[PDB]
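For the protein sequence lines, the chains are A and B, in the order given.
Going by this note's numbering, the first residue of the first sequence is number 9, and it counts up by one from there.
Going by this note's numbering, the first residue of the second sequence is number -1, and it counts up by one from there.
Have a look at the structure below, then the notes.
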Amino acid sequence: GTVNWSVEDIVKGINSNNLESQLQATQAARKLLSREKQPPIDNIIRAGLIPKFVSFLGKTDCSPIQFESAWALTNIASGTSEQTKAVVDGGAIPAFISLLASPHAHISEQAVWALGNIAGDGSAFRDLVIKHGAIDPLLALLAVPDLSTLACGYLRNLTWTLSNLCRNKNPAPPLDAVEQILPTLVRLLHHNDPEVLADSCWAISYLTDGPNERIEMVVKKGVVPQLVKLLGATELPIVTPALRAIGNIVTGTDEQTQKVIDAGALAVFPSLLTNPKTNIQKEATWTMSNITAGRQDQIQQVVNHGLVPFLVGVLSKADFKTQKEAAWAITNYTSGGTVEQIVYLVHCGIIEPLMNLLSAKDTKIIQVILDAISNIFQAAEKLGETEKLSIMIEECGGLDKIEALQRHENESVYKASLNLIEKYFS
Amino acid sequence: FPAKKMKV
């Protein structure tokens, strides 16, 4: 029927003066654009069909052509930034926003999807969708007593589009829009569908990727406990965005980090720091490094949860990037920690793996490590135990590596190594 | 991960 038309047949049908023929040709276009392999997006655009589709969006008396044109434009807008720009230039934004109030659920959903792609293109189109007033009707679609009464796919598409309205930076979304969206986002963050939860955590992670004021906008809504709960979920698509959100939050002030700690987040990190997925381990170690860079009572919270041995483990064996985040965590620990806490750090066996990591080719990890060593040596000086530490470093081959780093081409590297040698290995 | 979805 409408399977595998040519673009010229589609153009001939859409340019006819017969609404029904236009509907058939539009459906044919939709089917061309929804095939598995290589849809002819550029050919459809070059045929000049976008304005016709946009005009079909407004044909209230023929909802089928509204749906087919909405679907076709959706799939065009799903492509490159140039194709999405083609959809926007046709005036599609206000038309889709108008369709958000359609009495037909599938048409309204299709509009939600299209706006999701357009806004998902980038900060500019995101802000333009917002300027046309999409947030009010979008959120109105979710103003029901119980989200479970909505269709699963409907709710999933709404959540996804909203998450795209929270996505991208330079600039971040307008503050007023984020405040307008955040309550519904909190509501979705408590829904029982895994995809709604994943997309909600992603949206929160977007909103927390920024200055402390944005982080505060999120944290003030009281979502941290829920974020920890989801951090303990079994579905990796949930744990990943939840962990990213937590990390972002702990990049903020010590009080926000403290709200993460009070929610019980640390209790989850024994598993996260041994998670079989590399990215979970890396992001968890990065989060930890942003915790050990905080107050001494917070470092002490890290200690009490038994997470220092897990850091020693990651530093001993893990993907190199995860090991680098571990080195950062150690250097922050030693920078802000007390003498007792640094002593405890050595008692857990940090020295040997820390030394082994000096044979890495990455310059910055060598710098980080040498700073950590400097700090530990400072604690030893404050305890008069520097000799024993020098012996520790010498028995595991660390002294050889430092002495060799004296010949390292980087300035700060061979500076720090020279200082360590002449000050503690004479 | 990509932010756009093609409806197949």
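The C-beta atom is built at its ideal place from N, Cα and C for all residues, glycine as well.
If you draw a straight line from the alpha carbon of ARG38 (chain A) to that of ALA337 (chain A), how long is it in whole angstroms? Their Cα atoms are separated by approximately 52 Å.
Nearest-angstrom beta carbon gap, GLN414 (chain A) and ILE429 (chain A) [assumed within contact, 8 Å]: Between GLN414 (chain A) and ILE429 (chain A) the Cβ distance is about 6 Å, and since that is below 8 Å, they are a contact.
Could you tell me whether the Cβ atoms of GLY314 (chain A) and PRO278 (chain A) are closer together than 9 Å? Result yes, Cβ atoms of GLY314 (chain A) and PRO278 (chain A) sit closer than 9 Å.
Using a C-beta to C-beta distance shorter than 8 Å, which residues of chain B count as neighbours of residue 8 (chain A)? No statement about residue 8 (chain A) is possible, as the shown extent of chain A runs from 9 to 434 and does not include it.
Expressed to the nearest angstrom, what Euclidean distance is found between the alpha-carbon atoms of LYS325 (chain A) and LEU274 (chain A)? Each residue's Cα considered, the two are about 21 Å apart.
Pairwise C-alpha distance: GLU333 (chain A) and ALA241 (chain A): Distance between the alpha carbons of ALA241 (chain A) and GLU333 (chain A) is about 23 Å.
Check whether the Cβ of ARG252 (chain A) lies closer than 9 Å to any Cβ atom in chain B. It does not; no Cβ of chain B falls within 9 Å.
For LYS229 (chain A), which residues from the same chain have a beta carbon less than 6 Å from its beta carbon, with the 5 sequence-adjacent residues on both sides left out? Hits under 6 Å: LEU190 and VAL194.
Among the candidates A:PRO179, A:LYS409 and A:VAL15, whose CA atom is the shortest distance from the CA of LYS369 (chain A)? Nearest C-alpha to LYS369 (chain A) among A:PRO179, A:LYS409 and A:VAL15: A:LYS409.
List the residues of chain B whose Cβ lies closer than 7 Å to the Cβ of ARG175 (chain A), in chain order. Within 7 Å of the CB of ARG175 (chain A), the CB atoms of chain B belong to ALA1, in sequence order along the chain.
Cβ distance (whole Å) where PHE64 (chain A) is taken to contact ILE73 (chain A) below 8 Å: Sure, about 5 Å apart at Cβ, within 8 Å.
Through-space distance from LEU81 (chain A) to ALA122 (chain A), alpha-carbon basis: Near 7 Å, if we compare the C-alpha coordinates of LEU81 (chain A) and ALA122 (chain A).
Below 6 Å CB to CB, which residues in the same chain sit around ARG175 (chain A) once its five sequence neighbours on both sides are set aside? Excluding residues up to 5 positions away in sequence, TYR214 lie with their Cβ nearer than 6 Å to the Cβ of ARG175 (chain A) in the same chain.
Leaving out the 5 sequence neighbours to the left and right, which residues in its chain are closer than 6 Å to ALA271 (chain A) when beta-carbon positions are compared? Annotation for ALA271 (chain A): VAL232, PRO233 and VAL236 place their beta carbon closer than 6 Å to its own, counting only its chain and skipping 5 residues before and after.
DSSP on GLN46 (chain A), reduced to helix/strand/coil? Secondary structure of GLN46 (chain A) (DSSP, three-state): coil.
Identify every run of the alpha helix (DSSP H) within the segment 49 to 98 of chain A, keeping only runs that are complete inside it and at least 4 residues long; order them along the chain. Those alpha helix (DSSP H) runs which fall completely within the segment 49 to 98 of chain A and span 4+ residues are 49 to 54, 58 to 65, 71 to 85 and 89 to 97.
Residue 8 (chain A): buried (16+ other C-beta within 10 angstroms of its C-beta) or exposed? One cannot answer for residue 8 (chain A) here, as it falls past the ends of chain A, which runs 9 to 434.
Within the same chain, show all residues whose beta-carbon is closer than 8 Å to that of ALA335 (chain A), passing over the 5 residues directly before and after it, in chain order. Hits under 8 Å: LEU323, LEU362, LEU365, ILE373, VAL376, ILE377 and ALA380.
Segment limits, alpha helix (DSSP H) that includes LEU173 (chain A): Looking at the DSSP string, the run of the alpha helix (DSSP H) that includes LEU173 (chain A) is 160 to 173.
Tell whether a beta-carbon distance below 9 Å holds between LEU158 (chain A) and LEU150 (chain A). In this structure, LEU158 (chain A) sits near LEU150 (chain A), with a CB-CB distance shorter than 9 Å.
For a contact defined as C-beta to C-beta under 9 Å, what are the partners of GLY124 (chain A) on chain B? By Cβ distance, chain B contributes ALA1, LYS2 and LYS3.
Can the beta-carbon of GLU187 (chain A) be found less than 9 Å from the beta-carbon of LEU251 (chain A)? The Cβ atoms of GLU187 (chain A) and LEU251 (chain A) do not sit closer than 9 Å to each other.
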